[PDB]
Amino acid sequence: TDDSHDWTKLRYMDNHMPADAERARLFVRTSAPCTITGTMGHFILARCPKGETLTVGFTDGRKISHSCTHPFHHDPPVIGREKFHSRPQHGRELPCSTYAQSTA
Amino acid sequence: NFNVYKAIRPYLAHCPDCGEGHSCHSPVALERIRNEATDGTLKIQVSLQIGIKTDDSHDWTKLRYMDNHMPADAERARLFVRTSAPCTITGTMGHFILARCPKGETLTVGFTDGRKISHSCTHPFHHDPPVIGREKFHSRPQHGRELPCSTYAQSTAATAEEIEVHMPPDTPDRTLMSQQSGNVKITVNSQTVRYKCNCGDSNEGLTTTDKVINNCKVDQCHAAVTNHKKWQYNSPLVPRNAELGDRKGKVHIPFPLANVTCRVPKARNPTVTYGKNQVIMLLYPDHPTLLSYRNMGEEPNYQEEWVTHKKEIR
Amino acid sequence: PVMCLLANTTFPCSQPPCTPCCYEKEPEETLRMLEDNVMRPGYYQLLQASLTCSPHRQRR
Amino acid sequence: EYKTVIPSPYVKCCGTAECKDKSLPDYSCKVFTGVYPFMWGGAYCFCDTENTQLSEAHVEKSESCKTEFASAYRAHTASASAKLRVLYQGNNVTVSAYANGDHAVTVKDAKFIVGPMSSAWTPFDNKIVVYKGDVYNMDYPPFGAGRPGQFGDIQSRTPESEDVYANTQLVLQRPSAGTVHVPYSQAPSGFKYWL
Amino acid sequence: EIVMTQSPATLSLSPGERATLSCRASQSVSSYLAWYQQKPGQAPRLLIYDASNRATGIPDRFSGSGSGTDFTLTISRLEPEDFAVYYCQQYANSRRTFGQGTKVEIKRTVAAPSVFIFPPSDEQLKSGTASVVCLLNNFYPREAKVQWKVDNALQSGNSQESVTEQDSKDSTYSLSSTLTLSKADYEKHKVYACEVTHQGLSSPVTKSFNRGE
Amino acid sequence: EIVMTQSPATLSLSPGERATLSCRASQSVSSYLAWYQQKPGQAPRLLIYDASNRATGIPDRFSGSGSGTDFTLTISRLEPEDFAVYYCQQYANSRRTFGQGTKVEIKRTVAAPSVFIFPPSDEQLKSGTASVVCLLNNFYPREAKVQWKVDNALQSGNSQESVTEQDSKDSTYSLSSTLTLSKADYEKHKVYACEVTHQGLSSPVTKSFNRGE
Amino acid sequence: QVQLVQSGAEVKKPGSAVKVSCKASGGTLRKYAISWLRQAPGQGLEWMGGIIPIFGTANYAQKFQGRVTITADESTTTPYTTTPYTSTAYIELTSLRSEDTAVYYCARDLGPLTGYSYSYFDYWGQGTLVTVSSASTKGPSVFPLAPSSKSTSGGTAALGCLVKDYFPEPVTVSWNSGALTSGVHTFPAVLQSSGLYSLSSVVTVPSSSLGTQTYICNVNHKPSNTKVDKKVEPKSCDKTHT
Amino acid sequence: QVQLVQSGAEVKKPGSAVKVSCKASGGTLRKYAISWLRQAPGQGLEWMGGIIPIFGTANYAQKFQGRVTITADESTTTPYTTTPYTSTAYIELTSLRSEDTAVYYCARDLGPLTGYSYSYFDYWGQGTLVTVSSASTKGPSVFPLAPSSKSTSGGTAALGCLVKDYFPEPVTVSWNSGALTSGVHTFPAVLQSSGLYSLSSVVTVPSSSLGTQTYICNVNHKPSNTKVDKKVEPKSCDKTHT
Amino acid sequence: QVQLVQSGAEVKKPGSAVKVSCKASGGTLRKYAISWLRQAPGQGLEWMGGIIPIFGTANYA
């Protein structure tokens with residue numbers, strides 16, 4: 001809320017005033033908890049299991065918990081010719097696309 | 001019981017997915033998921049050692065993990081294994097975890113180290129336990145009957161099944177070497193080290209103490225911690241020390257497979273009513289249930305079907 | 001009895017090659033038997049004495 | 001169920017590893033060339049190429065085969081036995097006997113002889129398999145005849161014998177770039193599928 | 001602000017003694033401290049993280065203690081390699097802050113300073129210049145005061161001070177000071193006679209010299 | 001390692017006073033403490049866990065306090081069943097350490113014991129052995145010393161002794177001492193007069209005996 | 001509630017070994033640890049070690065590892081016990097010295113159940129004495145505590161017995177076959193420098209009662225089965241009985 | 001274990017700018033922060049800021065905003081990577097003031113990995129020195145220090161050397177080309193109130209050997225690769241020498 | 001932000017009854033409790049009791 005970058009905090013709206021909480025208690029969850037892979041400003045990247053809804057939430061400095069829950073059909077497209085569930089040790093490489101980690 | 005963990009120590013190994021789709025070398029690398037217990041228990045082998053607090057002392061409150069060049073400690077409290085959703089852990093000893101899991105297409109195991117860093121390893125693994133009896137069911141029922149099955153028993157004082165250890169290979173480390181003044185210092189830090197070069201010098205060698213090698217840049221040199229007092233499992237994820245290996249003597253492994261009964265539900269009575277030379281039955285399955293029938297004569301004819309919702313059969 | 005192999009020397013399989021505190025004295029020497037006694041029936045007697053029976057002190 | 005045993009792979013820096021033979025039940029071995037594995041701290045090899053990796057594997061009975069196993073039997077003719085209740089003058093009494101038409105059993109000074117029955121039918125066919133309570137008529141493959149990925153892809157003459165027959169069609173494969181693992185390909189356990 | 005403090009600015013003791021260094025913060029940091037040792041001609045190295053956990057490969061001698069606002073680092077029995085600068089550091093908020101630092105010093109029996117003085121030479125005198133030196137040599141403890149006292153008067157407006165530490169073999173400090181002016185100003189006096197006040201001496205000491213010989 | 005301590009190594013309080021048993025740890029413990037009592041001639045029992053939570057069977061007289069290096073046990077009123085040994089136990093570390101024991105005692109007005117002396121019997125002296133005995137009845141408090149003064153010679157060190165705990169009668173203490181003697185020693189000595197000596201008693205108390213008669 | 005019970009109490013020669021056993025029974029919880037704790041004859045109280053008796057995993061303090069074996073017996077392997085749960089533990093102490101003498105307790109530990117925390121001990125058994133000493137069983141010398149002219153009539157007095165150079169402490173003793181109780185003392189025990197025991201016993205009385213009233217001492221020893229019920233009349237060099 | 005390596009030390013005119021480069025390698029961990037700290041010689045130790053080399057996401061202690069920028073270089077590292085891991089980071093110090101003269105450290109910060117919180121500085125670079133002044137690269141005044149009017153034997157007397165009037169501080173000195181080792185104290189530095197440095201070197205002796213021994217000293221400096229050698233015998237208003 | 005409003009002051013005989021009341025509005029949070037406290041000018045400040053108005057479920061000193 002003093003307009004510093006910080007990486008340990010986030011800021012949210014408390015009635016008429018901006019206020020602060022830890023990035024440590026941000027979460028996102030489809031059908032089960034997602035990994036969060038990068039965050040900046042209004043934008044979050046996440047890796048999420050198959051599910052028909054997405055939720056995002058955090059815990060306030062007051063220890064109040066907030067969350068929000070849209071319908072969203074998450075079902076990643078298959079790459080190549082096998083409907084595999086998690087990356088193997090041994091396999092081939094195929095071309096695909098990803099949101100890069102950079103905030104530039 | 002089993003103080004052989006005096007000689008044998010944890011290690012890092014290559015792991016395919018560390019929670020973000022990256023591979024890396026991980027202290028929690030999975031070796032093998034055993035899967036013979038028909039009650040659906042898993043026995044998991046992993047690169048940690050659980051139940052020893054370093055200083056080779058058995059202590060159920062801790063585990064030790066390989067931290068770069070030496071072991072270090074963390075709590076048994078924060079270890080987890082997870083499939084599609086969190087699993088229960090029913091026993092823990094040495095390199096081995098027993099767990100009971102919900103059905104799912106991947107397995108991951110992880111823990112938090114003393115610095116509050118968290119590590120995990122993930123494998124593709126089709127966990128789907130085979131059905132005991134004639135009904136699929138999801139939790140053991142309040143009333144039912146007992147059938148024979150098989151389970152990893154929880155006794156750690158085990159027998160007959162065995163594992164092997166070796167003198168672990170040279171550990172390469174680019175940070176044994178530092179470059180300054182147009183020379184390379186090899187810093188050694190009380191280890192036993194090997195070094196090699198082509199830098200306008202040919203004179204490679206072992207050392208047990210720090211020195212310079214002169215007139216060179218560190219990329220014209222290579223080094224490793226070369227000799228060990230403590231052993232590792234001969235995992236296919238670590239390189240062998242020699243063409244015929246070494247120290248090939250055994251160690252016993254916990255949690256022996258044993259036959260035991262478990263409880264299965266009994267589907268509720270069908271409502272039946274009799275027709276002209278036939279039976280009419282409603283069925284009331286709470287979960288997918290097998291029906292079968294045969295003639296009590298010189299041909300059985302025989303048919304069966306799984307049923308998943310109320311039906312009428314004639 | 002039955003007899004262990006050390007390198008050229010032999011000893012009874014219940015007995016130590018070296019004592020007290022076999023491994024705690026000399027790890028890279030305690031390697032010598034555990035290289036090759038892997039095929040022998042005495043290995044778990046030798047291992048108990050060397051590494052587990054009574055934490056290198058008194059009695060089981 | 002079989003297990004596959006895969007020792008730590010040997011990597012020769014700066015030269016070929018020699019390949020060698022071994023007699024084990026389904027043994028397979030290869031040498032791969034032009035490897036350059038990295039461990040966590042650095043490249044393991046002293047030079048950028050001309051390294052090689054030896055890799056080797058074989059199948060064995062699992063630790064579980066004391067308990068999780070099935071038995072292939074031929075079944076020959078059968079020792080008929082019977083249990084009978086009889087009532088006379090308020091004496092309600094039970095007798096147990098073989099059906100051989102002799103072996104007279106006396107009780108309460110009465111004496112009883114039974115069988116043989118006129119039928120010589122039996123449900124068991126000439127070949128059977130048993131697992132636990134379950135027993136099956138099936139024409140299982142003869143010893144040493146079993147194919148990969150089907151019942152009998154691994155066989156032993158007795159549960160305790162070391163003379164493992166196995167036919168799993170195990171094949172080793174090229175280790176992936178920069179990585180110390182041992183990849184392979186193999187028919188999954190024909191027993192686990194049969195269950 | 002979270003204001004840090006280390007109570008001993010210096011700690012002097014002999015090898016085999018318990019070192020114990022102590023830290024304060026103006027409000028609770030509640031763990032989130034760390035301890036470092038720092039060596040001359042090096043960057044710091046970590047000893048302790050959180051209140052009490054030893055850093056990677058730090059042997060046994062060091063231990064950390066405390067909570068809230070008050071903390072300490074203890075060394076079980078100080079080895080001859082451990083004599084160094086030592087720092088606390090806070091990480092309870094975005095202004096990560098180090099303490100003032102503390103020096104840990106070999107305690108030894110007393111030795112008092114010897115005084116020396118030196119004239120200018122021909123290369124300065126041809127260059128319009130005169131330069132004069134005052135020394136204190138090889139003493140412990142080191143808390144001396146010195147002045148140039150030329151014709152008894154304070155000379156300072158041209159004159160600097162410098163120090164050297166405990167020598168690794170001898171365990172003594174020394175001082176060097178210079179007076180420098182135009183060669184024509186250096187002739188304004190006849191008694192160049194620097195003083196010393198010290199704790200191992202019984203009374204202040206002085207030694208005297210004259211320009212033109 | 002961690003070490004445990006209390007301020008009162010023993011605690012003299014009359015029934016109906018309030019207890020405040022007080023504890024130190026030599027290192028930064030942080031909760032993970034317990035309090036126990038042991039009745040004389042019985043097994044211990046748990047009173048308090050973590051730091052302040054009381055066990056299920058335990059009366060609301062007890063409460064805990066403190067968090068870090070320091071802890072206390074309060075008993076809201078001492079009761080006749082609550083007079084016991086008390087212990088801390090620490091479990092922030094693998095070295096699960098009990099805190100020494102400390103005894104709560106009924107505080108009372110002081111009183112000198114009556115002293116008796118006894119020779120060895122004719123049975124004892126025909127059996128080739130001897131021991132003269134000193135008996136103190138109903139002392140309050142209990143920190144006194146005894147000596148034998150045989151043939152006017154001061155002696156005490158070669159004596160074997162025991163004491164009895166606070167009396168069910170009136171909370172006094174009773175004491176026994178015996179002198180190491182061979183048969184000849186009791187016959188060689190002519191006069192016996194063993195004495196009690198203390199800080200809280202106003203003078204020595206003694207009874208005297210010309211041998212055998 | 002849960003009850004802890006351990007078998008017997010013992011006295012043994014140096015260099016021998018001892019095997020204590022314990023039952024835990026009636027608790028609602030299951031995976032709890034059993035720990036062994038030991039108390040000296042007046043010195044401190046120590047954790048030795050413990051086990052989780054389903055796994056058979058054992059933990060020790062560094063002083064007791066390789067002196068001691070802690071172990072347990074498999075209670076039931078089937079996924080049942082709707083019956084009351086029980087678990088059985090054993091401890092062996094080996095190569096005994098006199099200074100290993102103590103009372104030993106089994107105790108229940110919640111450490112594993114409470115998220116693999118370090119222990120705090122919840123229930124204790126009654127304790128067992130393990131005694132290490134060279135002395136064999138010996139019956140007492142049973143002397144009267146001889147009175148003399150050391151005060152004479154009219155004063156306060158006591159009459160007594162001195163019990164000497166026996167072994168084990170159960171020389172359980174009383175007055176007038178139970179008819180006397182007020183003004184008595186019997187002391188705890190004295191460990192003799194010879195590795196034997198002695199004991200003092202008295203009844204306080206008016207000095208006029210000695211050598212005319214009847215007072216009797218009941219020396220009963222559990223070892224050697226002695227029952228020296230006798231009166232303790234004045235005899236120091238003089239002679240007297242009522 | 002792990003190491004950090006950074007740019008060589010540098011000297012600059014005030015009102016210019018300078019960039020310090022850091023590289024880190026060889027640790028097992030992937031996504032730590034790299035952070036910059038600075039220290040005016042022994043006067044303090046200040047955390048300035050940092051980056052996470054994966055995200056950029058530059059972060060600053062408020063005291064340095066406007067006077068510094070921080071950056072890091074992303075690389076063609078694949079999702080698998082399969083090497084020892086590496087990172088590259090910078091501080092660009094800008095609008096330089098002479099008070100910026102300090103040693104600057106790079107250090108590894110575990111804050112992101114430790115649950116997105118603050119952390120201690122886990123591993124450190126060598127440190128590197130920034131010098132800010134307007135001065136020209138003057139080579140020293142190198143005159144011999146003259147021993148005073150001699151106090152004579154029965155004790156110890158003055159002997160030494162002086163070096164003055166240089167920029168770039170890294171001079172070196174050596175008596176009798178290293179044949180004298182013990183008894184030498186060299187006073188490390190002085191600042192002459194206007195950018196120039198000074199040094200003195202001294203040899204405490206018994207009064208035996210003035211005007212007699214070949215006491216001689218080397219002086220070495222980096223500007224113009226200047227190097228010097230001189231004797232230290234008494235010469236002022238008159239002379240007495242070997 | 002938020003405000004609480006409550007009924008105007010009361011004056012009463014001993015042995016009578018009072019129905020004091022209040023309203024809350026404008027908060028983003030839905031499930032807060034409402035609590036009642038008092039002070040006499042000759043006393044400190046004390047919590048009496050409260051409710052979560054969605055459930056009822058009163059709680060008291």
# chains A, B, ... in the order shown; residues from 1 in each chain; ligands from 1
$ closest_atom_pairs --of "chain D" --to "chain B" --cutoff "9 Å" --atoms "only C-alpha atoms" --output "Markdown table"
| residue | atom | partner | partner_atom | distance |
| --- | --- | --- | --- | --- |
| D:1 | CA | B:36 | CA | 8.3 |
| D:6 | CA | B:236 | CA | 6.1 |
| D:7 | CA | B:236 | CA | 5.7 |
| D:8 | CA | B:236 | CA | 4.1 |
| D:9 | CA | B:239 | CA | 5.4 |
| D:10 | CA | B:240 | CA | 4.6 |
| D:11 | CA | B:239 | CA | 6.3 |
| D:12 | CA | B:243 | CA | 8.3 |
| D:17 | CA | B:243 | CA | 7.8 |
| D:18 | CA | B:243 | CA | 8.8 |
| D:38 | CA | B:172 | CA | 8.6 |
| D:39 | CA | B:172 | CA | 7.0 |
| D:40 | CA | B:25 | CA | 5.9 |
| D:41 | CA | B:173 | CA | 4.1 |
| D:42 | CA | B:173 | CA | 5.4 |
| D:43 | CA | B:172 | CA | 6.8 |
| D:44 | CA | B:172 | CA | 5.7 |
| D:45 | CA | B:172 | CA | 8.6 |
| D:46 | CA | B:222 | CA | 6.4 |
| D:54 | CA | B:243 | CA | 8.6 |
| D:63 | CA | B:161 | CA | 6.0 |
| D:64 | CA | B:257 | CA | 6.5 |
| D:66 | CA | B:257 | CA | 8.8 |
| D:67 | CA | B:258 | CA | 7.2 |
| D:68 | CA | B:36 | CA | 7.3 |
| D:132 | CA | B:148 | CA | 8.5 |
| D:133 | CA | B:148 | CA | 8.8 |
| D:179 | CA | B:14 | CA | 7.7 |
| D:180 | CA | B:237 | CA | 5.8 |
| D:181 | CA | B:237 | CA | 4.8 |
| D:182 | CA | B:236 | CA | 6.0 |
| D:195 | CA | B:130 | CA | 8.2 |
$ write_last_selection --atoms "C-alpha atoms" --output "PDB file, in the first residue's frame"
ATOM      1  CA  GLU D   1       4.242 -61.460 -10.396  1.00  0.00           C
ATOM      2  CA  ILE D   6      18.196 -53.192 -12.874  1.00  0.00           C
ATOM      3  CA  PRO D   7      21.553 -52.522 -11.153  1.00  0.00           C
ATOM      4  CA  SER D   8      23.032 -49.007 -11.211  1.00  0.00           C
ATOM      5  CA  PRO D   9      24.269 -48.456 -14.807  1.00  0.00           C
ATOM      6  CA  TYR D  10      28.040 -48.349 -15.296  1.00  0.00           C
ATOM      7  CA  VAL D  11      29.281 -45.272 -17.208  1.00  0.00           C
ATOM      8  CA  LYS D  12      32.761 -45.407 -18.797  1.00  0.00           C
ATOM      9  CA  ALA D  17      32.539 -50.186 -21.637  1.00  0.00           C
ATOM     10  CA  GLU D  18      32.865 -53.807 -22.821  1.00  0.00           C
ATOM     11  CA  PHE D  38      24.886 -34.372 -15.651  1.00  0.00           C
ATOM     12  CA  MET D  39      24.465 -34.855 -11.920  1.00  0.00           C
ATOM     13  CA  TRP D  40      23.287 -32.037  -9.643  1.00  0.00           C
ATOM     14  CA  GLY D  41      26.752 -30.423  -9.251  1.00  0.00           C
ATOM     15  CA  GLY D  42      28.094 -30.744 -12.846  1.00  0.00           C
ATOM     16  CA  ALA D  43      28.832 -32.988 -15.822  1.00  0.00           C
ATOM     17  CA  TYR D  44      29.866 -36.445 -14.558  1.00  0.00           C
ATOM     18  CA  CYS D  45      32.282 -37.131 -17.454  1.00  0.00           C
ATOM     19  CA  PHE D  46      35.725 -35.509 -17.965  1.00  0.00           C
ATOM     20  CA  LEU D  54      26.633 -50.016 -20.083  1.00  0.00           C
ATOM     21  CA  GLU D  63       9.318 -61.010  -2.876  1.00  0.00           C
ATOM     22  CA  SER D  64       5.525 -61.627  -2.761  1.00  0.00           C
ATOM     23  CA  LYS D  66       5.374 -66.784  -1.113  1.00  0.00           C
ATOM     24  CA  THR D  67       1.757 -65.435  -0.865  1.00  0.00           C
ATOM     25  CA  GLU D  68       0.459 -63.891  -4.131  1.00  0.00           C
ATOM     26  CA  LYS D 132      -7.060 -68.935  -3.309  1.00  0.00           C
ATOM     27  CA  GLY D 133     -10.680 -70.040  -2.853  1.00  0.00           C
ATOM     28  CA  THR D 179      20.355 -38.050 -17.748  1.00  0.00           C
ATOM     29  CA  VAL D 180      21.696 -41.070 -15.753  1.00  0.00           C
ATOM     30  CA  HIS D 181      18.531 -43.293 -15.795  1.00  0.00           C
ATOM     31  CA  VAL D 182      17.976 -46.749 -17.420  1.00  0.00           C
ATOM     32  CA  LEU D 195      -6.278 -61.347 -11.831  1.00  0.00           C
TER      33      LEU D 195
END
$ residues_around --residues "residue 180 of chain H" --least-positions-apart "5" --cutoff "10 Å" --atoms "only C-alpha atoms" --output "ChimeraX atom specification"
/H:174-175,203,215-217
$ residues_around --residues "residue 28 of chain G" --least-positions-apart "2" --cutoff "9 Å" --atoms "only C-alpha atoms" --output "compact mmCIF listing (two decimals) with N, CA and C atoms, in the first residue's frame"
# COMPACT_ATOMS: atom_id res chain seq x y z
N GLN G 1 -10.35 -45.40 31.43
CA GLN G 1 -8.94 -45.18 31.82
C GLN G 1 -8.08 -46.30 31.26
N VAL G 2 -6.75 -46.14 31.26
CA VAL G 2 -5.78 -47.18 30.88
C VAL G 2 -4.98 -47.58 32.11
N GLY G 26 -6.82 -51.33 28.16
CA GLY G 26 -8.09 -50.63 28.40
C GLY G 26 -8.21 -49.23 27.78
N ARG G 30 -4.68 -46.20 20.08
CA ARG G 30 -4.01 -47.43 19.59
C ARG G 30 -2.51 -47.32 19.26
N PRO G 84 -11.41 -54.72 24.02
CA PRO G 84 -10.48 -53.74 24.57
C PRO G 84 -9.06 -53.98 24.05
N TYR G 85 -8.36 -52.92 23.65
CA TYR G 85 -6.99 -53.01 23.14
C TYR G 85 -5.96 -53.20 24.25
$ residues_around --residues "residue 186 of chain F" --least-positions-apart "3" --cutoff "9 Å" --atoms "only C-alpha atoms" --output "PyMOL selection string"
chain F and resi 119-120+125+130-132+181-183+189-190+211
$ select_by_dssp --residues "segment 71-152 of chain D" --states "strand (DSSP E or B)" --output "VMD selection string"
chain D and resid 71 to 74 81 to 88 91 to 98 105 to 107 110 to 112 127 to 130 135 to 137
$ write_last_selection --atoms "C-alpha atoms" --output "PDB file, in the first residue's frame"
ATOM      1  CA  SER D  71      -0.918 -72.976  -9.079  1.00  0.00           C
ATOM      2  CA  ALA D  72      -1.321 -74.847 -12.380  1.00  0.00           C
ATOM      3  CA  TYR D  73      -2.333 -78.486 -11.741  1.00  0.00           C
ATOM      4  CA  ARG D  74      -3.298 -81.555 -13.720  1.00  0.00           C
ATOM      5  CA  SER D  81     -16.188 -89.235   0.621  1.00  0.00           C
ATOM      6  CA  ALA D  82     -19.615 -88.828   2.317  1.00  0.00           C
ATOM      7  CA  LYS D  83     -21.419 -87.714   5.517  1.00  0.00           C
ATOM      8  CA  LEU D  84     -24.861 -89.139   6.405  1.00  0.00           C
ATOM      9  CA  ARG D  85     -27.693 -88.735   8.988  1.00  0.00           C
ATOM     10  CA  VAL D  86     -29.973 -91.717   9.834  1.00  0.00           C
ATOM     11  CA  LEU D  87     -33.055 -92.079  12.099  1.00  0.00           C
ATOM     12  CA  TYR D  88     -34.348 -95.331  13.687  1.00  0.00           C
ATOM     13  CA  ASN D  91     -32.085 -92.752  17.583  1.00  0.00           C
ATOM     14  CA  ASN D  92     -31.132 -89.712  15.438  1.00  0.00           C
ATOM     15  CA  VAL D  93     -27.449 -90.429  14.533  1.00  0.00           C
ATOM     16  CA  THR D  94     -24.687 -89.308  12.098  1.00  0.00           C
ATOM     17  CA  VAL D  95     -21.910 -91.282  10.322  1.00  0.00           C
ATOM     18  CA  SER D  96     -18.874 -90.301   8.182  1.00  0.00           C
ATOM     19  CA  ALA D  97     -17.207 -92.600   5.610  1.00  0.00           C
ATOM     20  CA  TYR D  98     -15.384 -93.091   2.316  1.00  0.00           C
ATOM     21  CA  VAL D 105     -18.257 -97.759  10.351  1.00  0.00           C
ATOM     22  CA  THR D 106     -20.048 -98.852  13.558  1.00  0.00           C
ATOM     23  CA  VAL D 107     -22.039 -96.556  15.888  1.00  0.00           C
ATOM     24  CA  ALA D 110     -25.349-100.443  14.184  1.00  0.00           C
ATOM     25  CA  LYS D 111     -22.883-100.724  11.223  1.00  0.00           C
ATOM     26  CA  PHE D 112     -22.883 -98.744   7.932  1.00  0.00           C
ATOM     27  CA  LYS D 127      -6.049 -79.029 -16.443  1.00  0.00           C
ATOM     28  CA  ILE D 128      -6.979 -76.598 -13.614  1.00  0.00           C
ATOM     29  CA  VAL D 129      -5.582 -73.394 -12.077  1.00  0.00           C
ATOM     30  CA  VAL D 130      -6.162 -72.412  -8.420  1.00  0.00           C
ATOM     31  CA  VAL D 135     -10.320 -72.678  -8.982  1.00  0.00           C
ATOM     32  CA  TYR D 136     -10.691 -72.664 -12.782  1.00  0.00           C
ATOM     33  CA  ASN D 137     -10.852 -75.102 -15.669  1.00  0.00           C
TER      34      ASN D 137
END
$ interface_residues --of "chain E" --to "chain F" --cutoff "12 Å" --atoms "only C-alpha atoms" --output "JSON list (two decimals) with C-alpha atoms, in the first residue's frame"
[["chain", "number", "residue", "atom", "x", "y", "z"],
["E", 30, "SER", "CA", 9.97, -13.21, 17.21],
["E", 31, "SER", "CA", 12.66, -15.46, 15.75],
["E", 51, "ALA", "CA", 16.79, -18.31, 16.70],
["E", 52, "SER", "CA", 18.81, -21.55, 17.03],
["E", 60, "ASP", "CA", 29.24, -27.60, 16.90],
["E", 63, "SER", "CA", 24.75, -21.96, 19.37],
["E", 64, "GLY", "CA", 21.94, -19.35, 19.07],
["E", 65, "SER", "CA", 19.38, -18.46, 21.77],
["E", 66, "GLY", "CA", 16.52, -15.99, 22.45],
["E", 67, "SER", "CA", 13.00, -14.86, 21.42],
["E", 68, "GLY", "CA", 10.88, -11.68, 21.12],
["E", 70, "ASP", "CA", 16.41, -10.27, 23.21],
["E", 71, "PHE", "CA", 18.97, -12.76, 21.71],
["E", 72, "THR", "CA", 22.49, -14.22, 22.13],
["E", 73, "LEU", "CA", 25.16, -16.18, 20.24],
["E", 74, "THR", "CA", 27.29, -18.49, 22.46],
["E", 76, "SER", "CA", 31.09, -23.38, 23.77]]
$ closest_residue --among "G:137, G:86, G:117, G:101" --to "chain B" --atoms "only C-alpha atoms"
G:117
$ residues_around --residues "residue 12 of chain H" --least-positions-apart "4" --cutoff "12 Å" --atoms "only C-alpha atoms" --output "list in words"
residues 16, 17, 18, 19, 93, 94, 95, 96, 97, 98, 100, 101, 129, 130, 131, 132, 133, 134, 135, 136, 137, 167 and 168 of chain H
$ calpha_fit_rmsd --fixed "chain H" --moving "chain G"
1.2 Å
$ residues_around --residues "residue 49 of chain A" --least-positions-apart "2" --cutoff "8 Å" --atoms "only C-alpha atoms" --output "PyMOL selection string"
chain A and resi 30-34+47+51+74
$ write_last_selection --atoms "N, CA, C and O atoms" --output "compact mmCIF listing (two decimals), in the first residue's frame"
# COMPACT_ATOMS: atom_id res chain seq x y z
N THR A 30 -9.00 -25.71 -8.55
CA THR A 30 -10.08 -26.27 -9.38
C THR A 30 -10.79 -27.39 -8.63
O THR A 30 -11.48 -27.12 -7.66
N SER A 31 -10.63 -28.65 -9.01
CA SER A 31 -11.16 -29.80 -8.26
C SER A 31 -10.26 -30.21 -7.10
O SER A 31 -10.73 -30.87 -6.17
N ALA A 32 -8.99 -29.81 -7.09
CA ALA A 32 -8.01 -30.02 -6.02
C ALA A 32 -6.90 -28.96 -6.12
O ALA A 32 -6.78 -28.33 -7.16
N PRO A 33 -6.11 -28.68 -5.07
CA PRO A 33 -5.22 -27.53 -5.05
C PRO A 33 -4.27 -27.44 -6.23
O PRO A 33 -3.62 -28.41 -6.58
N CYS A 34 -4.16 -26.26 -6.83
CA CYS A 34 -3.29 -25.98 -7.95
C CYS A 34 -1.94 -25.44 -7.50
O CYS A 34 -1.87 -24.71 -6.51
N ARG A 47 -1.03 -24.00 -12.49
CA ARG A 47 -1.14 -25.34 -13.08
C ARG A 47 -2.14 -26.14 -12.29
O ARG A 47 -1.96 -26.33 -11.09
N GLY A 51 -11.06 -30.08 -13.94
CA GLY A 51 -12.19 -29.71 -13.09
C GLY A 51 -13.15 -28.76 -13.77
O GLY A 51 -12.80 -28.10 -14.73
N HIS A 74 -12.16 -26.66 -17.19
CA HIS A 74 -10.74 -26.89 -17.40
C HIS A 74 -10.48 -28.33 -17.79
O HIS A 74 -10.64 -29.24 -16.99
$ atom_distance --atom1 "atom CA of residue 32 of chain B" --atom2 "atom CA of residue 58 of chain B"
23.9 Å
$ residues_around --residues "residue 42 of chain H" --least-positions-apart "4" --cutoff "10 Å" --atoms "only C-alpha atoms" --output "PyMOL selection string"
(chain E and resi 100-101) or (chain H and resi 102-103)
